Amino acid sequence: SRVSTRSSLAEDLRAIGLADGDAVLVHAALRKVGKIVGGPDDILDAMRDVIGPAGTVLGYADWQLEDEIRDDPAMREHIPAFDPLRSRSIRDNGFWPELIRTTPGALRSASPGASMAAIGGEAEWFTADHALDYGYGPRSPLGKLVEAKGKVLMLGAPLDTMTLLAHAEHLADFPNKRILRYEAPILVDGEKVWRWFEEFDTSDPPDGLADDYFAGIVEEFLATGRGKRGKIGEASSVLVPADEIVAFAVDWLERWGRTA
Amino acid sequence: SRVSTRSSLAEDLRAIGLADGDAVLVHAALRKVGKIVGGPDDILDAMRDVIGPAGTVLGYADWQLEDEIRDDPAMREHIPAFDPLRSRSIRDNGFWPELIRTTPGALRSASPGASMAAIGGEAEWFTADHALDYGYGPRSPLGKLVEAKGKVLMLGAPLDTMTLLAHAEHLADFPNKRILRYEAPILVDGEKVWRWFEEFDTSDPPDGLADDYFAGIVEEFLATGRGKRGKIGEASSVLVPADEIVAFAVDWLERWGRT
Ligand SMILES: CN[C@@H]1[C@@H](O)[C@@H](O[C@@H]2[C@@H](O)[C@H](O[C@H]3OC(CN)=CC[C@H]3N)[C@@H](NSCCNC(=O)CCNC(=O)[C@H](O)C(C)(C)COP(=O)(O)OP(=O)(O)OC[C@H]3O[C@@H](n4cnc5c(N)ncnc54)[C@H](O)[C@@H]3OP(=O)(O)O)C[C@H]2N)OC[C@]1(C)O
Ligand SMILES: CN[C@@H]1[C@@H](O)[C@@H](O[C@@H]2[C@@H](O)[C@H](O[C@H]3OC(CN)=CC[C@H]3N)[C@@H](NSCCNC(=O)CCNC(=O)[C@H](O)C(C)(C)COP(=O)(O)OP(=O)(O)OC[C@H]3O[C@@H](n4cnc5c(N)ncnc54)[C@H](O)[C@@H]3OP(=O)(O)O)C[C@H]2N)OC[C@]1(C)O
Ligand SMILES: [Cl-]
Ligand SMILES: [Cl-]
Ligand SMILES: [Cl-]
């Protein structure tokens, strides 16, 4: 059994292509990393040493309210509003977003379903002004990731969990984009108010594609020799440029709607 | 399915005996409460509604360093020191202590192995000046729970988990208290320092008694008609006064050492 250390994981990260000042959104399957001396906090600590105090690490937090509780009117009274300071991350995204969110100094954005946890030099910029309606468009941490030419790291995670590609769905012009409208409780200056949202669908694909077609795009982007693979600990990992994968994915999407 | 709510949980705790101004050390098996609307945070939220802002809810945090790693001289330099604001709770204690530790406004004491997470009106008093050596004695959140006549809620948790009683062992005079001595890294204003610790054993019972011997004590304590049993959500729960079970566990231990 190979043990990882904050020093060891730092080197694996520089090996994958991570440098000073980088902003990186990390999706992670942490137990694929193997044994770590000081726990998965060594991952975040190693990252921050590599990228420096001006860099920023992000995690997709979201939140925990199931759709049927939300859509069931007996439950409505007892559902706490979304609190970017106390609402815990959705557990389907793994411990990684909660690891970030619960580290002191971290910040979290306002759009509940698209909410992002961030820590580092630009965590305030990344979490600020998160558009509530259409939280995966230009006024979101994902959009600012592209503007800052950040990166996406799949830390042993399945490739179809690349949330950044939902931003490509928003930008990409193709016909019959499913529009989603739901109502969720948030706080308005301290008090629970129920509110109507609208966004492009992120729970299921455009009609033709499969539930995991994100993975095909990522593998097809890695096929052009952009990006870079490598081992972080013992987890197979991928590091992609945010702007390039998003430009790649929107054409791929716009190319597919022109068809049939 | 009976779903519990912040209002529903508030009742069940009022029925068990929680009141305004109470300090309560909570040990939990959150899975046995069943389905809750807003998750387990409704439990804490309902608690502080019942005790009010002057009350305090506590949890046994500890921390995650494995002994076998601590004493490996090759692992020595990659082990992060204990940071009371960053070190995550031990996972053997369930989600409850880190539920509290990661709630905004909560606090955590300095004694690593005996660390406690606290939130409420007197969380700063309970967490302050936790003795590094013998962190289960009078200079600990456990001792101040007795001084403030607090309570212990066993929220579906097995009975042997009442860490408050490891503090009775510290107080109780009896033969052959196995003393433990180890070296652990601790953060000293932001810099890792290794340091030798000293305490009465808490991971193993005094050799005569069973590992699970805390359960029998509380059962025995229950049978004197003090403390109260009741249902929190769907979890069978017990709420006892801190000072009474401590004083009752000391007589009990000193009695057994006379033999
Ligand atoms: C209201 N919210 C929702 C809406 O926003 C909307 O949601 C969608 C969502 O439905 C979409 O999801 C759809 O599309 C996709 C396509 N992929 C799939 C799901 C669909 N429903 C979503 N698209 S994206 C999903 C983004 N996901 C991620 O980023 C997560 C990536 N990671 C993984 O996938 C891994 O494979 C997981 C599943 C996490 C497995 O991880 P793992 O098993 O390897 O282990 P962990 O990572 O969790 O950690 C294990 C390890 O960690 C350490 N650890 C835990 N706790 C510790 C403590 N306390 N202390 C120390 N260490 C700790 C341990 O070592 C542990 O190991 P051990 O326990 O010892 O074994 C887009 C969204 N918009 O619509 C739905 C909703 C609900 O409305
Ligand atoms: C340096 N450290 C150590 C030393 O200090 C020293 O340690 C000793 C220690 O060894 C002693 O332990 C020994 O003596 C005893 C005495 N019986 C037993 C163990 C011995 N090794 C210790 N004596 S005290 C132990 C104190 N224990 C507790 O306080 C914990 C009580 N709880 C329980 O017992 C439950 O039964 C557990 C075990 C927690 C299981 O409960 P559960 O599985 O049913 O449910 P959970 O509570 O975990 O919650 C899960 C549930 O909650 C919701 N949830 C979780 N996460 C959520 C998130 N992120 N979001 C929303 N909701 C969440 C979910 O519903 C979840 O359920 P689900 O996942 O959906 O299924 C004294 C010490 N000093 O020596 C050793 C060391 C290491 O040196
Ligand atoms: Cl450091
Ligand atoms: Cl209403
Ligand atoms: Cl992969």
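Those protein sequence lines, which keep their order, are chains A and B. Going by PDB author numbering, the first sequence wraps up at 262, each residue one higher than the last. Going by PDB author numbering, the second sequence wraps up at 261, each residue one higher than the last. Where is the CB? At the ideal position from N, CA and C, for every residue including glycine.
Answer with buried or exposed for residue i, where buried requires no fewer than 16 other C-beta atoms within 10 angstroms of its C-beta.
i: B/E201; result: buried
i: residue 2 of chain A; result: Because residue 2 of chain A is not part of the residues shown, which for chain A are 3 to 262, the question remains open.
i: A/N95; result: buried
i: B/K153; result: buried
i: B/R103; result: buried
i: B/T226; result: exposed
i: B/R4; result: exposed
i: A/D191; result: exposed
i: B/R8; result: buried
i: B/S205; result: exposed
i: B/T105; result: buried
i: A/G41; result: buried
i: A/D213; result: exposed
i: B/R90; result: buried
i: A/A30; result: buried
i: B/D69; result: exposed
i: A/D14; result: buried
i: A/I181; result: exposed
i: B/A186; result: buried
Using the C-alpha atoms, what's the distance from residue j back to residue i?
i: B/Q66; j: A/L155; result: 27 Å
i: A/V39; j: A/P208; result: 43 Å
i: A/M49; j: A/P55; result: 10 Å
i: B/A159; j: B/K230; result: 15 Å
i: A/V242; j: B/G19; result: 56 Å
i: A/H132; j: B/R110; result: 32 Å
i: A/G137; j: A/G145; result: 10 Å
i: B/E236; j: B/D253; result: 34 Å
i: B/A25; j: B/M164; result: 15 Å
i: B/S142; j: B/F176; result: 21 Å
i: B/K179; j: B/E126; result: 31 Å
i: B/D245; j: B/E171; result: 14 Å
i: B/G232; j: A/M77; result: 25 Å
i: residue 1 of chain B; j: B/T261; result: Since the displayed chain B opens at 3 and closes at 261, residue 1 of chain B lies outside it and no answer follows.
i: B/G259; j: B/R33; result: 38 Å
i: B/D64; j: A/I247; result: 43 Å
i: A/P140; j: A/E149; result: 9 Å
i: A/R228; j: A/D85; result: 38 Å
i: A/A108; j: A/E124; result: 10 Å
i: A/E79; j: A/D73; result: 12 Å
i: A/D43; j: B/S239; result: 34 Å
i: B/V59; j: A/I71; result: 28 Å
i: B/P82; j: B/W196; result: 10 Å
i: B/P99; j: B/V35; result: 16 Å
i: B/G122; j: A/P75; result: 33 Å
i: B/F97; j: B/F199; result: 27 Å
i: A/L134; j: A/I219; result: 27 Å
i: B/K151; j: B/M118; result: 17 Å
Report the CB separation of residue i from residue j in whole angstroms; it is logged as a contact under 8 Å.
i: B/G23; j: B/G61; result: Actually they are not in contact, since the Cβ atoms of B/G23 and B/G61 sit about 19 Å apart, beyond 8 Å.
i: A/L46; j: A/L87; result: 19 Å between Cβ atoms; not a contact.
i: B/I53; j: B/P114; result: At roughly 28 Å, the Cβ-Cβ gap does not stay under 8 Å, so B/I53 and B/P114 are not in contact.
i: A/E256; j: A/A174; result: 5 Å
i: B/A12; j: B/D51; result: 5 Å
i: B/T129; j: B/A116; result: Actually they do not touch by this definition, with Cβ atoms about 11 Å apart.
i: A/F250; j: A/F223; result: 5 Å
i: A/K37; j: A/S10; result: A/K37 to A/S10, Cβ: 11 Å. No contact.
i: A/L157; j: A/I234; result: 6 Å
i: B/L147; j: B/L27; result: 6 Å
What does DSSP give as the partner residue(s) for residue i in the beta ladder?
i: A/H29; result: A/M156
i: A/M118; result: A/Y62
i: B/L20; result: None; B/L20 has no bridge partner.
i: B/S6; result: B/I38
i: B/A56; result: Paired residue(s): none; B/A56 is not in a bridge.
i: residue 2 of chain B; result: With chain B covering 3 to 261 only, the question about residue 2 of chain B has no answer from this structure.
May I ask you to list, following chain order, the residues of the stretch 69-96 of chain B that have a beta carbon less than 8 Å from some beta carbon of chain A? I71, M77, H80, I81, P82, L87, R88, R90
Give the residues from the stretch 37-61 of chain B that approach chain A closer than 8 Å (Cβ to any Cβ), ordered along the chain. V39, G40, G41, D43, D44, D47
If the cut-off is 9 Å on Cβ atoms, which residues from the stretch 100-117 of chain A count as contacting chain B, listed in chain order? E100, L101, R103, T104, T105, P106
Counting only Cβ-Cβ distances shorter than 9 Å, please list the residues of the stretch 151-183 of chain B near chain A, keeping chain order. none
For the stretch 126-142 of chain B, enumerate the residues whose C-beta is nearer than 7 Å to any C-beta of chain A, in chain order. none
Determine which residues of the stretch 217-228 of chain B have a Cβ less than 9 Å from any Cβ of chain A, and write them out in chain order. none
If the cut-off is 7 Å on Cβ atoms, which residues from the stretch 6-20 of chain A count as contacting chain B, listed in chain order? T7, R8, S9
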